[PDB]
Structure formats: structure tokens, C-alpha cells
**Student:** 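Here it is, the structure in full.
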Number of protein chains: 2
Amino acid sequence: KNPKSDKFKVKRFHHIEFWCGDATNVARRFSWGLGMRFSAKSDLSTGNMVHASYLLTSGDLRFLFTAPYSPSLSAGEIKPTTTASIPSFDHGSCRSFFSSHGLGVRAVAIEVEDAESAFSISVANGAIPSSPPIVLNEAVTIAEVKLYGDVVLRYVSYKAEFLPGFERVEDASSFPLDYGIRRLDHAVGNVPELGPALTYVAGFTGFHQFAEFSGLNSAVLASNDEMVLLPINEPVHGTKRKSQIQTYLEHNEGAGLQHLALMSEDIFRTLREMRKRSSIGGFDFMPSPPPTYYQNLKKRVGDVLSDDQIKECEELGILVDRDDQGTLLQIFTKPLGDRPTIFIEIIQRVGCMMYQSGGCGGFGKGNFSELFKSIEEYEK
Amino acid sequence: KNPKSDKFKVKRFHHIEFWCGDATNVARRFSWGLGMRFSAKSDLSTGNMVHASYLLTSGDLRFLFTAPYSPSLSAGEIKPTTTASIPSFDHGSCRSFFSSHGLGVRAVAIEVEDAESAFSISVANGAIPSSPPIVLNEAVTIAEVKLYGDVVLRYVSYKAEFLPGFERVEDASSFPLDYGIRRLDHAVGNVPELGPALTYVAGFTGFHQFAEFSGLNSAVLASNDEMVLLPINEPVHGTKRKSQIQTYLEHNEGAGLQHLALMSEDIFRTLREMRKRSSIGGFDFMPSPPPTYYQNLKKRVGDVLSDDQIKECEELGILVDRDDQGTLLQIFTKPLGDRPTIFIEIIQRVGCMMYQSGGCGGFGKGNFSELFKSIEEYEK
Ligand SMILES: CC(C)=CC[C@@H](O)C1=CC(=O)c2c(O)ccc(O)c2C1=O
Ligand SMILES: CC(C)=CC[C@@H](O)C1=CC(=O)c2c(O)ccc(O)c2C1=O
Ligand SMILES: [Co+2]
Ligand SMILES: [Co+2]
């Protein structure tokens, strides 16, 4: 049941902004590890005396990495005279954000038809304002509201290249890395209480609940066409194994973004490329499910995947689950930084062709059962 | 003239510790970019609730990358009950250090015969104490005094693997990267006034001035055998081109470590390996000197280098200068992080065989002249 209750025209995921201690080093690590190209910069060399911001792109996926310079560099400036290309930036907020959470996502950015109206409607509908709409060079408008914890949902809209004040990067500094990742599929938040979080965000967006088929309860909010997907988790206390959501909240000092799901146009090549680089600067992956998990795969998705594609799944450690609508291939990295907080998920969806509809195959919740009922190989 | 006036037995450079926002991401970047192996860890997985510390090694070169966790994780601990493996660590100092300077070197560590006595003698001789001697597990003793700005000179001594509480890293997480770098040759500080800095450090170490053959004045302090080498620079104001030392001091918020000189056992393979990786996560190098600089190289070092080695120097952008004692091959990276502050120098020394004596060939001061008198190619 899709009631199509968006309160403003929401287009697509536009970018994800990390707040870092040092943007250069995180961005270069992510570039190698994920296969993303250096696309745009705003820093000292572009006149920005306030922050360093570097953009990586892969297909439609945009990762923005931002860190503050010394406040002294911009001591004479005021907000009207700022050289920051992202006027919502604030040294005190960024240092407090990073000191409090460590490396993680500050902004989940979505493109809307009119950022000023989306901000006005949102706040009128319960959104906590974070940064009011600002018009960059008569061309781009950006506005921010609180999402959960210190994460903001950022609205961007264009009259008609990333943002004004960013420069395209000279191509000799821009090596065309690509491991197949093409767009952001969904972005997941962890909160201490799901209900009030759901009520708040659904409240000011009009996003509807997306239908689903140990440790947490979750739910998914979605825009009209279900291209913007925002799952949210809460912990379930009192279990046998401690909730990883609870571990997240402890180490992150509260609510925040748990993981980013990146859609690959060929998940097998992406995982081959990423695994080759795990131990030489890239990302590590969670431990692989046992071979019994893969001995049981022929029976539920042998429909969709050949024996060859199934055996390739076992090599790369890929997990597979299925909706009534499509099939989902997924895998999870280990945490991206020091803290056991943010990680990345690689995914590819098969089915639901109309273009492909969002959430096709769901989010893998069928894999808790498939996984637990596979650790019965410890008796095999 | 070497008066051999060390006030305590100084052995060798032991390690360099960076204070980071996120140790994981800086360490993985440095590992790929420089060819260093993941060797030791102290973090949550080893019981350290206070900081994450990762060690990279290449030959004798040890780079330590440290970042604080949330203070909350260790709120119940006191210094006697600390889980930090480096008891000099302090959340407030590290966050203040990093917020103030950004990514850079916190500790220049040298191995001494007795860290407690070296600390006592130092302070008795004018050193500002930073962290008093602590004995780690009846085996290792560590003590810290102020060097310049917020950089500490760290004394370590062993009764008889890096430090207690560090774990060796499982070899599947430890890929044997190596591009030829073998040890730290010297570590360079920038200060607003050279004289008082020189007086202070020579004061409590007994290190002597090392004899030399636009923008700055400098001098070099050295231990008895001249294996520990500590150049220090100050700016010269009023020039035509602004002092880069002054630019350093502005962006670093004051004095600090300018660059690390890493000795390669084969600088041509190191630079080939590093340049291949510049645009895919590694380090960038300063612009190459003009071909006229290389057309003039046959006349001064054609003695030491073949036409082939000279043409290889032009390919890799290597600079070459010469003492009366030896020949020095060097090159400089661009800044390692967001700020135009810390960078790295790659070097290899030829000559002064006795083992090779320290500073053989000097530090390249002859290249200001060779470089300026080469930009007369803009008229060629
Ligand atoms: C293996 C790991 C570090 C975390 C997995 C787990 O926390 C998780 C990931 C996820 O992606 C997801 C959804 O996408 C949707 C519902 C839902 O319960 C979940 C999840 O539980
Ligand atoms: C190209 C660049 C970013 C910086 C070069 C310059 O700042 C420099 C480097 C250096 O290594 C050095 C010595 O090793 C010794 C004396 C001395 O004056 C110097 C230097 O001036
Ligand atoms: Co997911
Ligand atoms: Co040098």
C-alpha cells in the first residue's frame, strides 16, 4: 500500500557528507577502497578559508568529505562574508560532532524540487530546523533539518557542477577508478527508540512505511516513488547476545547513521575489486557465512542464480535473500573507522522491472533466519 | 667538530606518533601510499578503552597512528586503572592538539639507555616535563618532555614487541607491503624563533650543532654518533616570496613538526612505487625541477651517478646535492593532509662509509641555488 503522501516533491538521493578530522586522508582511503573518482574540491586552493571539502563520485553516488581548518584563518569573516562554500558549516559543530561521534555521516542529502519550500513545509510539519535555506550564486538552494542524533537531512534544489564554489578537479589528480558502484540505495539510522523517531521523520516528510516480507526492531520510510529509502533501527534489550544497535549507541554517543547501502551494477566485480584491496588500504568485510548457508542457497534462489553465480557468491561471501517481488544480493563491510559504528553495505537488486522499483527484494531481513539456521553446521 | 656532549646515552630513532581524528583511515592511507606493513594494534579488541593506536613498519621505520575514543568508554577509569596502553595519552590534549593543528606529529620518539634517567637529566637541564617516566609491565619505560609547540620528545628504554598492551597483527590483516623505505633519517621542526628553540633543545639534550656545507634560517642538532638528527627552521620575514615557514606557523597555529625524512635503500624503486599510487590513494609529490636542473646535474655529480641514474632522476623528479663527505638524493611530498603543514621527504645517502655516518651529504641546502639558477630556463 503506497499512499504517495510526500509533502513536497522529492527527487533522488544527491550526496552523503562525512565530517572528518582530516578530509584528505579519509577521502583518499575511500577512493582506493571503494573505487570512486576525485570529482570536485573546495579548499584553500579555491578560496575556502573555513573548511576543506572533497567530493568522490562513482556513477550517481556522491560521497563528500569535509573537515575544518583552523578557526584563525577565517577569524575576520562573518556569515555574510564567509568563504565556506557550504554555509551551514560551523567549526564548533563539526569539532563537537567529530569529537562526540568520531568519523561518520553528518548529512543525508536528497534532491528536491524546491529546497526553500521543502524546508518551510518540513518545519511547519514538526521538523527541527538546522540551517535555513540559503541560495548559492542564484543557482542552487540548500536547507537542512535534523534527522536523528546529530545527522541532518539536507535539501538541495537546482534552477536548471556539484555546488557553487567547488572546482572540478584537474584530471591528472583524477584517476578513473570504478569498481561498479553506481548509486546510493538506502541510508540507515540507529536510534534508542524507533517509534518516536518514526513518528518525527514521517511527520515532516510525509514518507510512508515500506512493507517488509535477534537484536533490533526496524522500519523503512520511503518517498512517493520509493527511490529515497530511510530504514531506522532500535535495539531490543534483554537478549542473549547484546544488541549491536545498543553497542552502536554507546560508541557513537547516541543516535546516528548506521550504514550506507551502495548499489553496484555488478556486485561480483565490485566485491572482487574491494576484497583484493582490503589489506592494502581498502575495506574489510564481515566474516563469511558458512558453506552450509551456501549449500542451502540452491533451494531458495536456484531459480534466479546459476550454480556458477551461487559458487561465486560463496567465494565473495555474498548473502542472498528474496522478496515476493525480487532477489537481493548483499554484503557488509567491517566498520569504516576506529569506532564500531558506521559501515557500508554493497547490494545489487534483481527483478521488479517496469526501470527497477525501489526496495526490490527488500533489505535482507530473511537472512537472520537463514544465518542462524546455518550455524547448525557447527554440528556438521 | 663533534664534542660528543650527549647528557645521556641516546640510541636511535624509535618511532613517530601521529595524533589523528581517525587512526584507522590515516593508517590505511599511509600504508598504501608509503608501502608500510600493519604491525601492531592497541584498540578496543585489545582492551584499550581510551584510544585506538595502529603501528605501521617498514624496515626500522615505525609510524604510530593514534586517535581517542569517546571519553564515556573510560569514564570509570583513573590513571592507576587506565586501559590506555600509552599512559601519556589524554583525551583533552589529543582533541585540543588535533583541533588546533590538524593531522600531525605528536611525538618524536628516540630509544635511550634509561628513559627515567634521561627524563630526570633533561628536566634538570631545562626541559619542560610533559609526562613523567612510567614503567610498562616491568619491561619498558617511557617518558616525555616538550620539544617545540605541542610536539614532545619521547624517551623509550627496554630492559632487554613494540610496547606492552600492543598485539601483533594477524598476518591476514598484515599484507607485506614494502617500497624500500628502511628508517627515519631526520625530523624537522618549524618555530617562530630559531635561537631560543636551539638554546632550549641543545640545553637539555646536550646535542651538538651539525655542520652545514630564500625564506628561512635553520640549524641541525645531533646526538653523539649523529644518528638522531633534529633540524629546526625559522622564517625570514620581509622577502619577495612569503616564507613557507611563516605559512606553516599560520596554518599549524604555531610551532610544530614540518617534515619527516625517510631513508630508502633504493630511492628509485621507492619513488616509482609511490608515484604509481599518487592518484589512487597515495601521496603527491612537489612539482619536478626543470630539465635544465637535470642538464646541469652531469657537471656536479656525474662523478657519482651514471647517465642512466641521472635520467632516472629526471623521470622521478629526484633532487641531488652533495657535501664534501657524500651525495644526497632527495624528494618532497605535497602536504600529507588538509593543511599546508606536515609533509614527507624521501632520501638516500651515498658515501661516508666507515656502516654509513649520519647526515652524509647534508640536507640539500645546496639545492636552493641549483633550483633558482635553473628557473633561468624560463628564458630558454
Ligand atoms: C552484520 C551487521 C554489522 C549488521 C547487520 C544488521 O544490523 C542489519 C543490517 C541491515 O542492513 C538491515 C536492513 O537493511 C534492514 C533491516 C535490518 O534489521 C537490518 C539489520 O539488522
Ligand atoms: C619544498 C618544501 C615544501 C620545503 C623545502 C624547504 O622548506 C626545506 C626542506 C628541507 O628538508 C630542508 C632541510 O632538510 C635542511 C635545511 C633546509 O633549509 C631545508 C628546507 O629549507
Ligand atoms: Co541495508
Ligand atoms: Co630534510
Side-chain angles (χ1 to χ4, degrees), chain A residues 184-190 194 210 212-220 229-236 243-248 258-263 285-287 289 317 319 321 328 330-336 340-347 349 359 361-364 366-368 371, chain B residues 185-190 194 210 212-220 229-236 243-248 258-261 285-287 289 317 319 321 328 330-336 340-347 359 361-364 366-368 371:
Chain A
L184 175 70
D185 183 88
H186 55 269
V188 178
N190 281 350
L194 179 58
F210 191 101
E212 299 290 57
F213 88 128
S214 267
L216 63 91
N217 313 300
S218 59
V220 178
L229 305 169
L230 293 171
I232 304 162
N233 316 321
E234 79 172 5
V236 167
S243 179
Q244 78 264 18
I245 319 301
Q246 183 63 30
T247 293
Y248 177 101
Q258 182 201 58
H259 75 274
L260 306 154
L262 319 187
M263 189 184 258
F285 288 90
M286 295 294 175
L319 271 91
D321 189 40
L328 162 64
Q330 53 182 6
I331 191 170
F332 295 95
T333 71
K334 271 152 144 273
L336 317 184
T341 46
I342 180 157
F343 53 93
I344 275 169
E345 180 196 3
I346 307 310
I347 68 111
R349 305 190 175 273
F363 303 87
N367 269 305
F368 294 102
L371 210 33
Chain B
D185 183 88
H186 55 269
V188 178
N190 281 350
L194 179 58
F210 191 101
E212 299 290 57
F213 88 128
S214 267
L216 63 91
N217 313 300
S218 59
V220 178
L229 305 169
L230 293 171
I232 304 162
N233 316 321
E234 79 172 5
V236 167
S243 179
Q244 78 264 18
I245 319 301
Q246 183 63 30
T247 293
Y248 177 101
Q258 182 201 58
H259 75 274
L260 306 154
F285 288 90
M286 295 294 175
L319 271 91
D321 189 40
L328 162 64
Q330 53 182 6
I331 191 170
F332 295 95
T333 71
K334 271 152 144 273
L336 317 184
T341 46
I342 180 157
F343 53 93
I344 275 169
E345 180 196 3
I346 307 310
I347 68 111
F363 303 87
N367 269 305
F368 294 102
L371 210 33

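All values below were derived from every heavy atom in this structure, side-chain atoms included, with hydrogens, water molecules and symmetry-related copies excluded. Just so you know, ligand 1 is whichever comes first in the structure, and atom 1 is the first atom listed for that ligand. Residue numbers start from 1 in every chain, and the chains themselves are labelled A, B, ... in the order their sequence lines are given, proteins ahead of strands.
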**Student:** Under 4.0 Å from a heavy atom of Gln258(A): give me the atoms of ligand 1 that qualify, with their elements.
**Tutor:**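 Selected atoms, number and element: 7 (O).
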**Student:** Could you give the distance from CG (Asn190(B)) to OG1 (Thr341(B)), rounded to the nearest 0.5 Å?
**Tutor:**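 The OG1 atom of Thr341(B) is 10.0 Å from CG of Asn190(B), to the nearest 0.5 Å.
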**Student:** Report yes if some heavy atom in the side chain of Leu262(A) is under 4.5 Å from a heavy atom in the side chain of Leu184(A); otherwise report no.
**Tutor:**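 In contact.
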**Student:** Closer than 4.0 angstrom: is that true for some heavy atom of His259(B) and an atom of ligand 2?
**Tutor:** yes
**Student:** Would you say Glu212(A) and ligand 1 have an N/O pair spaced under 3.5 Å apart?
**Tutor:**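 Between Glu212(A) and ligand 1 (N or O atoms, distance only) the closest approach is not under 3.5 Å.
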**Student:** Provide the number and element of each atom of ligand 1 under 4.0 Å from a heavy atom of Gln244(A).
**Tutor:** 6 (C), 7 (O)
**Student:** Is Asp185(A) close to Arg349(A) at the side-chain level, that is, under 4.5 Å between some pair of heavy atoms?
**Tutor:** yes
**Student:** Pick one of side chain, backbone, both or neither for how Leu216(A) approaches ligand 1, counting any non-hydrogen atom pair under 4.0 Å.
**Tutor:**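 The side chain, only.
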**Student:** With distance as the sole test, does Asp321(B) use its side chain to make a donor-acceptor pair with the main-chain N or O of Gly366(B) at under 3.5 Å?
**Tutor:**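 Side chain of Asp321(B) to backbone of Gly366(B), a donor-acceptor pair under 3.5 Å: yes, one is there.
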**Student:** Side chain, backbone, both or neither: which applies to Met286(A) and ligand 1 if a contact is any heavy-atom pair less than 4.0 Å apart?
**Tutor:**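 Side chain only; the backbone of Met286(A) stays clear of ligand 1.
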**Student:** Show the atoms of ligand 2 that are less than 4.0 angstrom away from any heavy atom in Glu345(B).
**Tutor:** 11 (O)
**Student:** If I compare all heavy atoms of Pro231(B) with all of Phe363(B), which pair ends up nearest, and what's the gap?
**Tutor:**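 Smallest interatomic distance, heavy atoms only, reads CG-CE2, 4.1 Å.
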**Student:** Please indicate whether any nitrogen or oxygen in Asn233(B) is less than 3.5 Å from any nitrogen or oxygen in ligand 2.
**Tutor:**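 Among all N and O atoms of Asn233(B), none is under 3.5 Å from an N or O of ligand 2.
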**Student:** With a heavy-atom distance limit of 4.0 Å, tell me whether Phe363(A) approaches ligand 1 through its side chain, its backbone, both, or neither.
**Tutor:** both
**Student:** Would you call the rings of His259(A) and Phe343(A) parallel, tilted or perpendicular, where under 30° means parallel and over 60° means perpendicular?
**Tutor:**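 Taking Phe343(A) first and then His259(A), their aromatic rings lie parallel (interplane angle under 30°).
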**Student:** From the options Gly215(B), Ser218(B), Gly364(B), select the one whose nearest heavy atom is closest to atom 16 (C) of ligand 2.
**Tutor:** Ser218(B)
**Student:** Just wondering, is there an N, O or S atom on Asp185(A) that's nearer than 2.8 Å to the Co ion (ligand 3)?
**Tutor:**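 For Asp185(A), the answer is no, given that no N, O or S atom comes within less than 2.8 Å of the Co ion (ligand 3).
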**Student:** Which atom, counting only N, O or S, brings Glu345(A) closest to the Co ion (ligand 3)?
**Tutor:**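 The closest N, O or S atom of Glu345(A) to the Co ion (ligand 3) is OE1.
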**Student:** Can you measure from CG (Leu260(B)) to CD (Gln258(B)) and round to the nearest 0.5 angstrom?
**Tutor:** 10.0 Å
**Student:** Is any side-chain heavy atom of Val236(A) closer than 4.5 Å to one of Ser243(A)?
**Tutor:** no
